[PDB]
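Written out below as structure tokens is the structure these notes cover.
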Amino acid sequence: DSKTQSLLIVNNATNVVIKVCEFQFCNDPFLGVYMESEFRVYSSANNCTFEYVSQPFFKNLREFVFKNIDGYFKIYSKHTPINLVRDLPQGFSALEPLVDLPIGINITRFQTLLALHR
Amino acid sequence: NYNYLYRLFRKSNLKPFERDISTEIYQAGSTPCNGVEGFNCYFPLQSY
């Protein structure tokens, strides 16, 4: 809510964006594709403290680990081609480090954001 | 100069490298803070 600061990470299939602000969240947030046509993410955004963007860049599996270590937000990533439907494919392979950030917010709850095709 | 402030009240300690920028009313007793300042409900910011 607007009472405390919060972290938003979003991808628009071409850019990855990180925002660290005292957002007021729309409690039913989603993205909608008709090419995108719905961007219900936040009710309000003010008092920004950090913002970052990137360059304009079942079938596949992407695994990540998100953790917090005394103000250091750590993000680890790995990607693999997967053709199965419901199993967890054994054959464990080594993960890798991706990102560290000094966002430094009190994180206790989290949610995932989707894209709905309409 | 009173453009500098410091927080006076918080219900718990802080972790290192934590940015405590909240301005909520602090409950100093058993009386709830019903969204308004009052006795034992001081504003947790003070002016240098």
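For the structure tokens, the naming scheme is as follows: chains receive sequential letters (A, B, ...) according to their order of presentation, residues are indexed from 1 within each chain, and ligands are indexed from 1 in presentation order.
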Mind checking which residues fall within 7 Å of residue 53 in chain A, counting only C-alpha atoms, ignoring those fewer than 5 positions away in the same chain, and posting them as number ranges by chain? A: 15-18
Determine, counting only C-alpha atoms, which protein, DNA and RNA residues have an atom within 12 Å of an atom of residue 31 in chain A; residues of the same chain fewer than 2 positions away are not included. Present the result as a count of residues only. 23
Tell me the residues of chain B close to chain A, meaning within 12 Å using only C-alpha atoms, as an MDAnalysis selection string. chainID B and resid 14:25
Atoms to include: C-alpha atoms. Write the selected residues as a PDB file, in the first residue's frame.
ATOM      1  CA  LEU B  14      16.216  -1.300  12.639  1.00  0.00           C
ATOM      2  CA  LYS B  15      18.252  -3.594  10.440  1.00  0.00           C
ATOM      3  CA  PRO B  16      21.401  -2.095   8.904  1.00  0.00           C
ATOM      4  CA  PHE B  17      20.995  -0.279   5.576  1.00  0.00           C
ATOM      5  CA  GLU B  18      17.222   0.099   6.037  1.00  0.00           C
ATOM      6  CA  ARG B  19      15.471   3.268   4.842  1.00  0.00           C
ATOM      7  CA  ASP B  20      12.858   4.143   7.481  1.00  0.00           C
ATOM      8  CA  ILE B  21      10.902   6.927   5.761  1.00  0.00           C
ATOM      9  CA  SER B  22       7.451   6.140   7.183  1.00  0.00           C
ATOM     10  CA  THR B  23       5.488   8.902   8.923  1.00  0.00           C
ATOM     11  CA  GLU B  24       2.750   6.904  10.652  1.00  0.00           C
ATOM     12  CA  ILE B  25       1.360   7.786  14.074  1.00  0.00           C
TER      13      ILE B  25
END
According to DSSP computed on the backbone, where in chain A is there strand (DSSP E)? Give the residues as a PyMOL selection string. chain A and resi 6-11+16-21+24-33+36-44+50-52+60-69+72-81+96-101+115-117
Generate a file of the selected residues that holds C-alpha atoms, formatted as a compact mmCIF listing (two decimals), in the first residue's frame.
# COMPACT_ATOMS: atom_id res chain seq x y z
CA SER A 6 7.81 -1.33 -2.51
CA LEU A 7 9.60 -2.94 -5.44
CA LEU A 8 8.19 -3.50 -8.93
CA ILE A 9 9.89 -5.60 -11.62
CA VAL A 10 8.19 -5.73 -15.01
CA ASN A 11 8.91 -7.01 -18.52
CA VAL A 16 12.96 -4.98 -18.28
CA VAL A 17 12.13 -2.22 -15.80
CA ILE A 18 12.85 -1.96 -12.07
CA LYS A 19 11.16 0.64 -9.86
CA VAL A 20 11.58 1.22 -6.11
CA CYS A 21 8.88 3.56 -4.85
CA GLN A 24 -0.10 2.34 -4.15
CA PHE A 25 -0.93 -1.01 -5.73
CA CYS A 26 -4.08 -1.85 -7.64
CA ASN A 27 -4.92 -5.04 -5.76
CA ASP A 28 -5.85 -6.79 -9.04
CA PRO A 29 -2.89 -5.98 -11.31
CA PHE A 30 -2.41 -7.52 -14.73
CA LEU A 31 -1.13 -6.93 -18.25
CA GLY A 32 -3.37 -7.46 -21.25
CA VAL A 33 -2.65 -8.24 -24.90
CA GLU A 36 -0.27 -4.70 -25.40
CA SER A 37 -3.57 -3.15 -24.34
CA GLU A 38 -3.76 -3.28 -20.51
CA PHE A 39 -1.18 -2.11 -17.95
CA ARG A 40 -2.98 -2.26 -14.59
CA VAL A 41 0.03 -2.19 -12.28
CA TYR A 42 -0.09 0.65 -9.76
CA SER A 43 -2.74 3.09 -8.59
CA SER A 44 -0.16 5.80 -7.90
CA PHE A 50 15.40 4.14 -7.63
CA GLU A 51 14.51 3.46 -11.27
CA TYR A 52 16.25 1.43 -13.96
CA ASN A 60 10.89 -23.05 -22.19
CA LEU A 61 11.77 -23.06 -18.49
CA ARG A 62 13.29 -20.16 -16.58
CA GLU A 63 14.30 -20.64 -12.94
CA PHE A 64 15.26 -17.84 -10.56
CA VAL A 65 16.16 -17.29 -6.92
CA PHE A 66 15.35 -14.01 -5.16
CA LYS A 67 16.82 -13.25 -1.75
CA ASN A 68 17.66 -10.38 0.58
CA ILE A 69 20.92 -10.08 2.55
CA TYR A 72 21.51 -6.47 -0.90
CA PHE A 73 18.81 -7.90 -3.16
CA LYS A 74 20.25 -10.88 -5.03
CA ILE A 75 18.75 -12.43 -8.16
CA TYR A 76 20.00 -15.70 -9.71
CA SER A 77 18.84 -17.00 -13.08
CA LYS A 78 18.97 -19.96 -15.47
CA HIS A 79 17.21 -20.91 -18.71
CA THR A 80 16.60 -24.22 -20.49
CA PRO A 81 14.57 -25.70 -23.37
CA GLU A 96 24.38 -18.75 -12.07
CA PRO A 97 24.41 -15.30 -10.43
CA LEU A 98 22.64 -12.52 -12.31
CA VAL A 99 21.99 -9.28 -10.40
CA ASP A 100 22.67 -7.45 -7.14
CA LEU A 101 20.79 -4.28 -6.23
CA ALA A 115 -0.03 -11.38 -19.20
CA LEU A 116 -3.52 -12.30 -20.39
CA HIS A 117 -4.23 -12.65 -24.11
Exercise: range 27-42 of chain B partners within 10 Å, only C-alpha atoms, chain neighbours under 4 positions left out, as a PyMOL selection string: chain B and resi 8-11
Two-atom distance - CA of residue 5 in chain B, CA of residue 48 in chain A (Å):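 Between CA of residue 5 in chain B and CA of residue 48 in chain A the gap is 19.4 Å.
The space between CA of residue 49 in chain A and CA of residue 1 in chain A spans 16.3 Å.
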With a distance cut-off of 12 Å and only C-alpha atoms, select the neighbouring residues of residue 4 in chain B, excluding the residue or stretch itself and same-chain residues fewer than 6 positions from it, and output the selection as an NGL selection string. :B and (45-48)
In Å, how far is it from CA of residue 57 in chain A to CA of residue 85 in chain A? 27.4 Å
